[PDB]
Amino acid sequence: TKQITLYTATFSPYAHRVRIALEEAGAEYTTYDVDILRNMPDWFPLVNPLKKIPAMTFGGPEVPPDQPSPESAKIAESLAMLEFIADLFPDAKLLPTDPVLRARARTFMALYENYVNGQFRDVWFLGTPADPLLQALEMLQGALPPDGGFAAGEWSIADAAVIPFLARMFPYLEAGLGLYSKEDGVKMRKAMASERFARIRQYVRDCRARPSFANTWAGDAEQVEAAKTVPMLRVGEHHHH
């Protein structure tokens, strides 16, 4: 019964994770957009002292999101939110019930967070070399069930954790967004269209086909425009190695 408010921003793949899980849960929830990178509201540290999107409040009296209550629980970190939503909505089966299959979900999230995410950040924001990103993506693809299906077989929060990033990669590459070189952009576009990455392309299509993605995605062009508002995506800057 307790209220859920998710503080969001369209560009943010971390916020996108949580919107997907809340859709899959069938939750009733409120979203509130926050201009976190250019004009953070003075009240925002009340909902997340770390000053990062997403932020979540849970319970407390029903209040406008820009008037957060001291009584609501303040939940930070997107992966913690994903597990929280699975705990709140057990009948939605956002995780498997078998312990080994649940571990596949948790391992997939850790592989992404520990080996892939930092490579996306460094290639796009620092223009570091793309080969280590492609290697990490090939590793992650190797963890998928080979024949089809999601990270743990049935859909789970592991797929909510990963699709925001994989789904942004393709249109960001096509629009030329990111500080990497022309040469590395060509390399990544050819690699991600190559037979080497057929399995992860099917994974992206399968995740994108679900209503939880369609209803939380602004469209490729619109997401590209939101990403262009991010200060660390400095237009006209590229790094070369």
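Rigid core: the largest C-alpha set superposing within 1.5 Å between the two forms. Start at 1 and count along the sequence shown; that's the residue number.
Across the superposed structures in 8 other deposited structures of this protein, aligned by the core, the stretch whose Cα atoms lie more distant on average is 227-235, chosen from 16-24 and 227-235. Rigid core superposition in 8 other deposited structures of this protein puts the Cα atoms of one stretch, out of 195-203 and 31-39, farther from the shown form on average, and that stretch is 31-39. Taking the mean C-alpha B-factor of each stretch as recorded, 145-153 and 132-140 are not equal, and the higher mean is that of 145-153. Look at the mean CA B-factor for 157-165 and for 70-78 in the entry; the higher one is 70-78. The PDB entry assigns the greatest CA B-factor among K190, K52, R208, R201 to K190. For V63, the recorded CA temperature factor ranks within the highest third of the chain's modelled residues. When the CA B factors of the chain's modelled residues are split into thirds, the value for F197 lands in the lowest one.
In this PDB entry, the Cα temperature factor of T1 sits in the top third of its chain's modelled residues, the highest group.
Compared with the other modelled residues of the chain, the Cα B-factor recorded for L95 ranks in the lowest third. Among the modelled residues of the chain, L101 sits in the middle third by CA temperature factor in this PDB entry.
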